[PDB]
Amino acid sequence: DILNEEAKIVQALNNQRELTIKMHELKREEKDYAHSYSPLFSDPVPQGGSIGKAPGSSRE
Amino acid sequence: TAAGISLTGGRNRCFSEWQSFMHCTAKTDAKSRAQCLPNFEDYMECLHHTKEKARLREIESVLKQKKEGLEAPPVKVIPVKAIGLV
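Spelled out as structure tokens, the structure:
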């Protein structure tokens, strides 16, 4: 019984170690533009001013 | 934000280079992002004309080091009063 209890405690401690390493790795994963900056207007490409819009100024 | 808006409410002088670079950054990721280096280079070139100034320095150095004549259709400077004369 002593061995079983100690092993259960050690298993919970290893679970906590695994969780800590997992959160460390996830926090360092790069996020999508919607999640990191803007979830509704999700296109990073600007349009600029609309007044004298010149045919041929748009470039992909 | 007023980014991209010119002094007259249209698109600023370097908008096209910036928009193509933004298309690049939007399609790539952090690992691939260096693939967009030329676009950004072009953007900075438009902003500051550094390579253009270097190339002009080279051409002018070779021009002032020449005594041989130049035979090509030239550039002519006129007074503002003489726009359209003759």
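Chains as they are written, first to last, in our numbering: chain A, 137 to 196; chain B, 14 to 99. Ideal Cβ positions, reconstructed from N, Cα and C, are used throughout, including at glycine.
Please confirm whether residue i has its beta-carbon closer than 8 Å to some beta-carbon of chain A.
i	result
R24 (chain B)	yes
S29 (chain B)	yes
Can you tell which of the options has its C-alpha closest to the C-alpha of residue i?
i	options	result
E30 (chain B)	B:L60, B:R46, B:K94, B:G22	B:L60
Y169 (chain A)	A:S178, A:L162, A:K163	A:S178
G184 (chain A)	A:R195, A:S174, A:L176, A:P175	A:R195
So, with DSSP's three-state summary, where would you put residue i?
i	result
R24 (chain B)	strand
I18 (chain B)	strand
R164 (chain A)	coil
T156 (chain A)	helix
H62 (chain B)	coil
Can you give me the Cβ contacts of residue i inside the same chain, cut-off strictly under 7 Å, excluding the 5 residues immediately before and after it?
i	result
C49 (chain B)	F34, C37, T38, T41
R24 (chain B)	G17
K89 (chain B)	none
Residue j and residue i - do their beta-carbons sit closer together than 8 Å?
i	j	result
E166 (chain A)	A43 (chain B)	yes
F28 (chain B)	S193 (chain A)	yes
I157 (chain A)	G22 (chain B)	no
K64 (chain B)	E71 (chain B)	no
Short of 6 Å in beta carbon distance, which residues of its chain neighbour residue i, apart from the five on each side in sequence? Order them along the chain.
i	result
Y56 (chain B)	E30, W31, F34
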